[PDB]
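work11.pdb (PDB, C-alpha atoms)
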```pdb
MODEL        1
ATOM      1  CA  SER A 582     121.330  99.058  49.836  1.00  0.00           C
ATOM      2  CA  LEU A 583     124.139 101.237  51.112  1.00  0.00           C
ATOM      3  CA  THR A 584     123.064 103.657  53.881  1.00  0.00           C
ATOM      4  CA  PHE A 585     122.003 102.146  56.489  1.00  0.00           C
ATOM      5  CA  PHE A 586     123.576 104.817  58.677  1.00  0.00           C
ATOM      6  CA  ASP A 587     121.329 106.510  58.707  1.00  0.00           C
ATOM      7  CA  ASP A 588     117.974 104.845  57.848  1.00  0.00           C
ATOM      8  CA  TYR A 589     117.409 104.132  61.596  1.00  0.00           C
ATOM      9  CA  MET A 590     119.280 107.178  62.698  1.00  0.00           C
ATOM     10  CA  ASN A 591     116.880 108.617  60.174  1.00  0.00           C
ATOM     11  CA  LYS A 592     113.829 106.572  61.083  1.00  0.00           C
ATOM     12  CA  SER A 593     114.269 104.572  64.293  1.00  0.00           C
ATOM     13  CA  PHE A 594     116.541 106.640  66.550  1.00  0.00           C
ATOM     14  CA  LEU A 595     114.823 109.939  65.744  1.00  0.00           C
ATOM     15  CA  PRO A 596     111.283 108.697  66.512  1.00  0.00           C
ATOM     16  CA  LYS A 597     112.696 106.911  69.547  1.00  0.00           C
ATOM     17  CA  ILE A 598     114.082 110.272  70.602  1.00  0.00           C
ATOM     18  CA  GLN A 599     110.666 111.863  70.082  1.00  0.00           C
ATOM     19  CA  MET A 600     108.630 109.275  71.953  1.00  0.00           C
ATOM     20  CA  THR A 601     111.431 108.894  74.527  1.00  0.00           C
ATOM     21  CA  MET A 602     110.959 112.592  75.165  1.00  0.00           C
ATOM     22  CA  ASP A 603     107.195 112.044  75.401  1.00  0.00           C
ATOM     23  CA  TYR A 604     107.433 109.294  78.022  1.00  0.00           C
ATOM     24  CA  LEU A 605     110.002 111.438  79.783  1.00  0.00           C
ATOM     25  CA  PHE A 606     107.270 114.072  80.009  1.00  0.00           C
ATOM     26  CA  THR A 607     105.046 111.326  81.364  1.00  0.00           C
ATOM     27  CA  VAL A 608     107.571 110.924  84.174  1.00  0.00           C
ATOM     28  CA  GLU A 609     106.619 114.463  85.189  1.00  0.00           C
ATOM     29  CA  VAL A 610     102.807 114.393  85.155  1.00  0.00           C
ATOM     30  CA  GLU A 611     102.475 113.690  88.901  1.00  0.00           C
ATOM     31  CA  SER A 612      98.652 114.178  89.082  1.00  0.00           C
ATOM     32  CA  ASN A 613      98.284 117.488  90.901  1.00  0.00           C
ATOM     33  CA  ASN A 614      96.453 120.585  89.844  1.00  0.00           C
ATOM     34  CA  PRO A 615      98.720 121.884  91.794  1.00  0.00           C
ATOM     35  CA  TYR A 616     101.108 121.664  94.794  1.00  0.00           C
ATOM     36  CA  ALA A 617     104.707 122.787  95.386  1.00  0.00           C
ATOM     37  CA  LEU A 618     107.236 124.054  97.938  1.00  0.00           C
ATOM     38  CA  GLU A 619     108.638 127.288  96.474  1.00  0.00           C
ATOM     39  CA  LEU A 620     110.925 129.429  98.717  1.00  0.00           C
ATOM     40  CA  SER A 621     109.409 132.627  97.267  1.00  0.00           C
ATOM     41  CA  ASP A 622     105.839 131.643  96.434  1.00  0.00           C
ATOM     42  CA  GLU A 623     103.326 128.845  95.836  1.00  0.00           C
ATOM     43  CA  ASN A 624     104.588 128.047  92.298  1.00  0.00           C
ATOM     44  CA  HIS A 625     102.040 125.495  91.444  1.00  0.00           C
ATOM     45  CA  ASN A 626     103.451 122.988  91.022  1.00  0.00           C
ATOM     46  CA  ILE A 627     105.910 120.259  91.428  1.00  0.00           C
ATOM     47  CA  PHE A 628     104.794 120.171  87.778  1.00  0.00           C
ATOM     48  CA  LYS A 629     106.626 123.467  87.223  1.00  0.00           C
ATOM     49  CA  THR A 630     109.955 122.586  88.842  1.00  0.00           C
TER
ATOM     50  CA  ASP B 406      93.061 114.082 115.163  1.00  0.00           C
ATOM     51  CA  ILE B 407      92.385 114.343 111.469  1.00  0.00           C
ATOM     52  CA  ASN B 408      94.605 117.372 110.857  1.00  0.00           C
ATOM     53  CA  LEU B 409      97.697 115.965 112.531  1.00  0.00           C
ATOM     54  CA  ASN B 410      99.071 115.575 109.048  1.00  0.00           C
ATOM     55  CA  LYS B 411     102.664 115.110 108.237  1.00  0.00           C
ATOM     56  CA  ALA B 412     101.303 116.068 104.883  1.00  0.00           C
ATOM     57  CA  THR B 413     100.226 114.625 102.617  1.00  0.00           C
ATOM     58  CA  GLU B 414      99.239 111.058 101.863  1.00  0.00           C
ATOM     59  CA  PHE B 415      96.403 112.126  99.646  1.00  0.00           C
ATOM     60  CA  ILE B 416      97.857 114.728  98.515  1.00  0.00           C
ATOM     61  CA  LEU B 417      94.556 116.381  97.905  1.00  0.00           C
ATOM     62  CA  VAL B 418      94.581 119.201  98.462  1.00  0.00           C
ATOM     63  CA  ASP B 419      98.004 120.146  99.781  1.00  0.00           C
ATOM     64  CA  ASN B 420      96.497 120.560 103.212  1.00  0.00           C
ATOM     65  CA  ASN B 421      92.961 121.044 102.034  1.00  0.00           C
ATOM     66  CA  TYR B 422      90.963 117.896 102.617  1.00  0.00           C
ATOM     67  CA  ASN B 423      89.639 118.201 106.162  1.00  0.00           C
ATOM     68  CA  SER B 424      88.081 121.512 105.186  1.00  0.00           C
ATOM     69  CA  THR B 425      85.849 119.439 102.935  1.00  0.00           C
ATOM     70  CA  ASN B 426      85.206 117.042 105.827  1.00  0.00           C
ATOM     71  CA  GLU B 427      84.014 119.423 108.537  1.00  0.00           C
ATOM     72  CA  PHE B 428      82.512 121.436 105.707  1.00  0.00           C
ATOM     73  CA  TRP B 429      80.254 118.571 104.682  1.00  0.00           C
ATOM     74  CA  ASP B 430      79.495 117.319 108.185  1.00  0.00           C
ATOM     75  CA  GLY B 431      78.635 120.926 108.859  1.00  0.00           C
ATOM     76  CA  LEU B 432      76.295 120.785 105.878  1.00  0.00           C
ATOM     77  CA  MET B 433      74.378 117.529 106.377  1.00  0.00           C
ATOM     78  CA  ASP B 434      74.079 117.676 110.163  1.00  0.00           C
ATOM     79  CA  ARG B 435      73.345 121.407 109.896  1.00  0.00           C
ATOM     80  CA  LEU B 436      69.708 121.028 108.828  1.00  0.00           C
ATOM     81  CA  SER B 437      69.297 118.216 111.337  1.00  0.00           C
ATOM     82  CA  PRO B 438      70.652 120.432 114.156  1.00  0.00           C
ATOM     83  CA  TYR B 439      68.460 123.187 112.747  1.00  0.00           C
ATOM     84  CA  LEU B 440      65.183 121.438 113.577  1.00  0.00           C
ATOM     85  CA  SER B 441      66.937 119.878 116.581  1.00  0.00           C
ATOM     86  CA  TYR B 442      67.314 123.458 117.771  1.00  0.00           C
ATOM     87  CA  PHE B 443      64.027 124.626 116.224  1.00  0.00           C
ATOM     88  CA  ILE B 444      61.393 122.035 117.092  1.00  0.00           C
ATOM     89  CA  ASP B 445      63.242 121.459 119.875  1.00  0.00           C
ATOM     90  CA  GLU B 446      63.590 125.136 120.394  1.00  0.00           C
ATOM     91  CA  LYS B 447      60.845 124.508 122.924  1.00  0.00           C
ATOM     92  CA  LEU B 448      63.068 121.559 123.831  1.00  0.00           C
ATOM     93  CA  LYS B 449      65.908 124.086 124.021  1.00  0.00           C
ATOM     94  CA  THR B 450      64.294 126.132 126.808  1.00  0.00           C
ATOM     95  CA  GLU B 451      65.614 129.322 128.626  1.00  0.00           C
ATOM     96  CA  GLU B 452      67.470 127.061 131.041  1.00  0.00           C
ATOM     97  CA  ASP B 453      70.735 125.426 129.876  1.00  0.00           C
ATOM     98  CA  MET B 454      70.278 126.698 126.336  1.00  0.00           C
ATOM     99  CA  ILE B 455      72.638 129.261 127.894  1.00  0.00           C
TER
ENDMDL
END
```

Rewritten as structure tokens:
Amino acid sequence: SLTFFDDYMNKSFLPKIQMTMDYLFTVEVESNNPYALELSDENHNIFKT
Amino acid sequence: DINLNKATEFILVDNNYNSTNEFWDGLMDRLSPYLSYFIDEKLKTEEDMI
């Protein structure tokens, strides 16, 4: 049962990259439809930046 | 002393919450002040009604 490199770099580390990205998007949800600071504009929201 | 906001600990809306407050207290106490100025228009006589 040779490789095993990848097999987790195939299965585990790739799906962990996908869901790690997803939770990383859940660290930018911030519950605001909208609000921001925006030197030029409104820019709606902190979501955007 | 509602809108003294280092804003915002709500943050809802980004300085638009008190608009809803004096909005709604405008609304409910409006129809009460209506009759209170209508019934109570006779009890709002041509004296200090001004």

**Study point:** Residue list for chain A near chain B as a PyMOL selection string, 12 Å, only C-alpha atoms
**Key:** chain A and resi 611-618+623+625-627

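The space between atom CA of residue 605 of chain A and atom CA of residue 630 of chain A spans 14.4 Å.
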
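Picture a line from atom CA of residue 603 of chain A to atom CA of residue 587 of chain A; it runs 22.6 Å.
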
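Note that the spacing between atom CA of residue 408 of chain B and atom CA of residue 421 of chain B amounts to 9.7 Å.
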